[PDB]
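Colleague: Experimental structure and its sequence below.
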Amino acid sequence: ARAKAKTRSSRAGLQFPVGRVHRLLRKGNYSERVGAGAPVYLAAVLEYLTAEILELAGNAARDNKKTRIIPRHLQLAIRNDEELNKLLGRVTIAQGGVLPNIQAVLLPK
Amino acid sequence: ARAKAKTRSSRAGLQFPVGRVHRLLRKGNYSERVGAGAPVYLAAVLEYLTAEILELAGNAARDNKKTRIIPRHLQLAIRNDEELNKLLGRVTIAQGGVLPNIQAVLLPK
Amino acid sequence: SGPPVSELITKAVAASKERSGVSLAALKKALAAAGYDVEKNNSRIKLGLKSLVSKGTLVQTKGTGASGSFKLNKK
Amino acid sequence: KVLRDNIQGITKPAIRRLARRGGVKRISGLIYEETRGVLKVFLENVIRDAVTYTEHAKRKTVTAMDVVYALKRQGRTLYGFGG
Amino acid sequence: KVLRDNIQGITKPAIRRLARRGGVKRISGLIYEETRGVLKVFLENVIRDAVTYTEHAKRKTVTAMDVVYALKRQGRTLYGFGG
Amino acid sequence: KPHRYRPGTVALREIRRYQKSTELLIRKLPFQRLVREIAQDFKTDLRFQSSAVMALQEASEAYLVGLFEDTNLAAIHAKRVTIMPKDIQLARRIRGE
Amino acid sequence: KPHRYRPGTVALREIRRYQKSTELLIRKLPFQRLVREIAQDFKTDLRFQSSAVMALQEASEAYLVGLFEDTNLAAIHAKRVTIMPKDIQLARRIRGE
Amino acid sequence: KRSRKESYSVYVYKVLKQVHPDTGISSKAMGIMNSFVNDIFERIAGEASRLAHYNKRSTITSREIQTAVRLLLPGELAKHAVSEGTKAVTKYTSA
Amino acid sequence: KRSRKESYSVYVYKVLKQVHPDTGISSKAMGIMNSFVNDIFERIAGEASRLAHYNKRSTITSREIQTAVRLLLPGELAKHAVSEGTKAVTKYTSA
DNA sequence: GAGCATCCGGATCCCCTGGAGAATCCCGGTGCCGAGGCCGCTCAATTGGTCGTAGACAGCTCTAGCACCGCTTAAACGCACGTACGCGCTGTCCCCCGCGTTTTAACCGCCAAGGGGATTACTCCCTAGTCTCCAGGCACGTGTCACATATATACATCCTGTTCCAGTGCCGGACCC
DNA sequence: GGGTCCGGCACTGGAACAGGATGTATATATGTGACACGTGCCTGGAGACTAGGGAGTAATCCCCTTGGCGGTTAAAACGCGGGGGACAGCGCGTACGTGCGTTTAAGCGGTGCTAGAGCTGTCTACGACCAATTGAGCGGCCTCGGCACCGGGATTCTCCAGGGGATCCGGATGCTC
């Protein structure tokens, strides 16, 4: 008599695992309990952030004539957007490197 | 009928309330489950830090020949020790001021 | 044609004749005021001043090379 | 109620006195507008954090606890206001 | 078995190429030992934290998890080795 | 002729005086008015308790004074005694903001 | 007469070369020996995952390269292109270290 | 067999399918994105715990998640995250 | 009618009288110290919470408190702190 | 008739451009190995019912915060004299990139052997929970002495006069032609 | 007897030392209010017992880590050379420093009002927990085409070897004495 097992990400219209986030906050020990809307909200914001990052990453991959994204492309993505730069200023991508940046005094006349 | 009341700080021989910090760790949700010796240990650590910073402040106040601690004394105490400086680098004390720091190029001759 | 720079520099050092020598900046501004392209002739004024001090017609007060202050001879 | 031009309300000699606190020997006159700008930026950031803290609490008055709390999350911690 | 001089193992052109990655054009001679020293300080500060993590783990092997974890605590969290 | 000290010596005496001093250094009311002035823009009708205003006062003074030892290091670095706005700007840049 | 480029032109070319690159710069075996050496003075008989010492390695050039644009800004601040350890000391002092 | 390692890989892959149907992703960057999800997750979770404690609230609600999303994310990211998350929770309450 | 607010005032006063019988304090520096105890407590306790969640231990132990103290406190403070703490916990277990 | 002023043309040096080489960019080519997808499994998500409990709201008090007002100067500000740097430029010395050759140990790859990572089974030490009890810490009241403030001396310090030492330019003498 | 070269002296610039003004430090008097001590209380800490589970420890294996050995060469190391800066000095222009006066608005003291902070009581919405069960999520595995490496040809960058313009220098010319 139980209803058909559908997923909470599907009723949320989202693709990130909402139930897994709910579980990880439940055992993360950040409060004694969590409301229903909070893991949905956090899965939503994580999905938007990952969509932004990989949209810029795919555009950078098409920039480099490549259909496969390298962490170098993640550097070209995040380090060329100042708002994401403020989001992730203190982090470093392994095997990523730095953007090409030359000070104006360095080039010859 | 029942045992005579004796606080656990006294049985430890320590001054900060081990029961209070134990309760505060219980309601901070920093763990589900809390061991017995950890609040005693934490209390002893905080007593040593307070003891050293107050003896530094007391020698600073005796240097300034004032009997009572002013936050200027506390700033001079916390900043004249390199190791507490490493422990408390990114903090400023209210009404603290700063250490006497004048660079040699600023001095005449 | 036009007179070369050396006569202009002799007039520049004779224009003020204060107790110390005339400086490089003062002679450049004197050439600018009298009328000269000082912008593209820095190597020119350097070689000219070195050439004239090598003859002894003008003597160096304090500096070394092109730096310092410049004043005319004993006579 | 309306305030418009209190960004110049911090005086030039006040910035000189903070420079004396910082150990500045000679201060340029061109410094003052950019110090006012970075001062306004830092205050804008911290009170943005503070007003989000208080509108979480459904309060129309901000407290000193919220101030030291916002400065705690920025990495410029202060002490002595109930923190 | 024991090791005494591995700070010379971080060689001169490698430091040079790192300075190219930093965009540095020309590098003086006195640079090299200073970079060796600050490298030594940063490495010892992180590896002490890591070995305390392993001693908490009761584990005689340094794992990538505790390296990422200690760099996270030291404010320099690293992407690409978690998990 | 009336007495006059040479430049910097009065400034250095001010350094010793004010760095020895511990009191609040900026004027209270105009800074408080400025905090309100910035405050209307994000949320209307915000009210302040006074101790919060002194806390913001000390926070602003601390952030500024730290930037000024930073720019003093920069001015010594460029062999100067004057700071210029690029000194402050590069202090901001190396601090990572 | 063999060709010889003016100095810095080559240097700018390998700046562009490794800066568009993404690969490792420091040799992994002498550095890994250094990691065992610095681990040795605290506890004996330590073992290292290869990925662990690699991750510590990109952490190493990460901190080093970040300190290097810090010192590069410090060096161009003083109207110079030559780097000196006094710039490194400046960068460490502003960084809080 | 073995005990499992929980991950966020195929979710990043299917979001890639949503935003860019043609391109691919390397395993190294995939581990980077698992680290990214864990890092932003723990930051938002920690700020949620602080905002819960600070009002003496012991329930994680959607509201302080909204405040912390505003608080950590700068500007445009924050406002678009609020819009998209409110859209998501309105669909969630509507089953 | 008021609500009592918890603090650590008399305990720091007792510590002062143990280290200096004849010295006083200001109330402002007293607020500095109460906030100091709270802040250092929050740092150490947050480190302990992280160390608990890392190795899948649901119980905070004095051992990982010791690791956290050796972690956050550099140099000489760590070895002193572990010294009084070990003798203190042995005194606690002895009575 | 020749000494000097002037003009004009030729050597020379700096700037200004074309060509050779070379490092990288771009176009094929090949075989390879990470990746994407099938498949099997199994575990955490889901439903649903209950149970407790916690925050949202209504209402009521009361507190300091906002507003207004009147003196009262400390400071904000402006201006002017003045001195102390910022930096522009160049001279000079020197230190470090660049390119080549020789060396060397790094990388790879190939193979052996075992140390502890990690997982499982067990059984037990330890600690939340709860009821009850009672005493230390905090609101509250008060009293009181170190400290803020004011006032009278004393000394450092900092700039300046004054006084002596050194450079130097001009004047006097001596030599040489 | 003139021209030139050298030495001295007095005038001026630049250091050593005493002296006055002043700000800063020190000594002494005075009230005050914040530090400190005593009281009431009541809640937060503690003693005992119980349940239950997280975790310490034996065992095992395996696999991933460490040790060793041969080959190649890319990278390190060293040397020559040459060139680009580092930096000191000097000077000039300027840009604040500071010291006077002036305006004012911050600061202080006093008062009314209120709106929100905050505390208490309701109670309803909502989240936690748990039996049962399933479908998505991950390990394993297997193929393949995007891609890393390899090679060949253009293009752009660099640097250096020839031409043009400005300049300086020397010779011709006229003029005037």
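Modeller: Received, thanks. Residues are numbered from 1 along each chain as shown, chains lettered A, B, ... in the order given.
Colleague: Residue D:41: how many residues sit nearby?
Modeller: 12 (other Cβ atoms under 10 Å in any protein chain shown). Bear in mind the C-beta positions are built from the backbone N, C-alpha and C, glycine included.
Colleague: If you could redo that for residue H:43, that was the one I meant.
Modeller: Residue H:43 sits with 14 neighbouring residues when counted by other Cβ under 10 Å.
Colleague: secondary structure class for it?
Modeller: Put simply, residue H:43 is helix when judged by DSSP: H, G, I helix; E, B strand; the rest coil.
Colleague: Count the neighbours of the nearest residue to residue C:41 once chain neighbours are set aside for me.
Modeller: Spatially, and ignoring its direct neighbours in sequence, residue C:41 is nearest to residue C:5 (7.3 Å; Cβ to Cβ, 6 or more residues apart in numbering or on different chains). When counting by other Cβ under 10 Å, one arrives at 19 neighbours for residue C:5.
Colleague: and the gap between residue C:5 and chain G?
Modeller: Note on residue C:5: its distance to chain G, by Cβ to the nearest Cβ, to the nearest Å, is 30 Å.
Colleague: isn't that residue right next to residue C:43, touching?
Modeller: No - taking contacts as Cβ atoms under 8 Å, residue C:5 lies outside contact range of residue C:43: 11.6 Å.
Colleague: residue contacts, the residue nearest to residue C:41?
Modeller: Contact analysis of residue C:5 by Cβ atoms under 8 Å, 6 or more residues apart in numbering or on different chains lists C:31, C:36, C:41, C:44-45, C:48.
Colleague: same check, this time on residue H:64
Modeller: D:56, H:48, H:51-52, H:55, H:57.
Colleague: Which member of these is positioned nearest residue E:12?
Modeller: Set against residue E:12, the nearest of the contacts of residue H:64 by Cβ to Cβ is residue H:48 (49.6 Å).
Colleague: Pretty sure that closest one sits against residue A:30.
Modeller: Yes - the criterion here is Cβ under 8 Å, and residue H:48 meets it with residue A:30 at 5.8 Å.
Colleague: before we move on, the earlier item: drop the exposed ones from the contacts of residue C:5 and show what's left.
Modeller: C:31, C:36, C:45, C:48 (16 or more other Cβ atoms under 10 Å in any protein chain shown).
Colleague: State the distance from residue H:89 to residue G:32.
Modeller: Residue H:89 sits 50 Å away from residue G:32, going by Cβ to Cβ, to the nearest Å.
Colleague: Among the contacts of residue C:5, which pair sits farthest apart?
Modeller: C:36 and C:48 (11.5 Å).
Colleague: Strands of chain A, start to end?
Modeller: Applying DSSP state E to chain A gives strands spanning A:33-34, A:68-69, A:92-93.
Colleague: deepest of those strands, which one?
Modeller: Of these, the one with the most neighbours on average (mean count of other Cβ atoms under 10 Å in any protein chain shown) is strand A:92-93, at a mean of 24.
Colleague: what number of residues lie near residue 32?
Modeller: Picking chain A for this. As a burial measure, residue A:32 scores 12 neighbours (other Cβ under 10 Å).
Colleague: that's the other chain; I wanted chain F
Modeller: 18.
Colleague: cool, residue C:10 as well?
Modeller: Using other Cβ under 10 Å, residue C:10 has 14 neighbouring residues.
Colleague: can you pull the contacts of it?
Modeller: C:52, C:57-58, C:72.
Colleague: Please flag which of those sit within helices.
Modeller: residue C:52 (DSSP state H).
Colleague: Same list, the contacts of residue C:10, but as JSON lines with neighbour count and distance to chain E please.
Modeller: Output for those, formatted as JSON lines (neighbours: other Cβ atoms under 10 Å in any protein chain shown; distance: Cβ to the nearest Cβ, whole Å):
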{"residue": "C:52", "neighbour count": "17", "distance to chain E": "37"}
{"residue": "C:57", "neighbour count": "13", "distance to chain E": "42"}
{"residue": "C:58", "neighbour count": "20", "distance to chain E": "39"}
{"residue": "C:72", "neighbour count": "14", "distance to chain E": "44"}
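Colleague: Now the two most distant members of the contacts of residue C:10.
Modeller: It's C:52 and C:72 that sit farthest apart of those, by Cβ to Cβ, at 10.1 Å.
Colleague: shared neighbours of these two, anything?
Modeller: C:10, C:58.
Colleague: Find the centremost residue of chain A, please.
Modeller: Among the residues of chain A, residue A:50 comes closest to the average C-alpha position under Cα atoms, centre = their mean, at 2.8 Å.
Colleague: quick one: the residue nearest to that residue when sequence neighbours are not counted and residue I:78, what's the gap?
Modeller: Setting aside the residues directly before and after it, residue A:50 is nearest to residue H:15 in space (Cβ to Cβ, 6+ apart), at 5.5 Å. Distance from residue H:15 to residue I:78, counting by Cβ to Cβ: 45 Å.
Colleague: can you check residue D:14 too?
Modeller: For residue D:14 relative to residue I:78 (Cβ to Cβ), the value is 42 Å.
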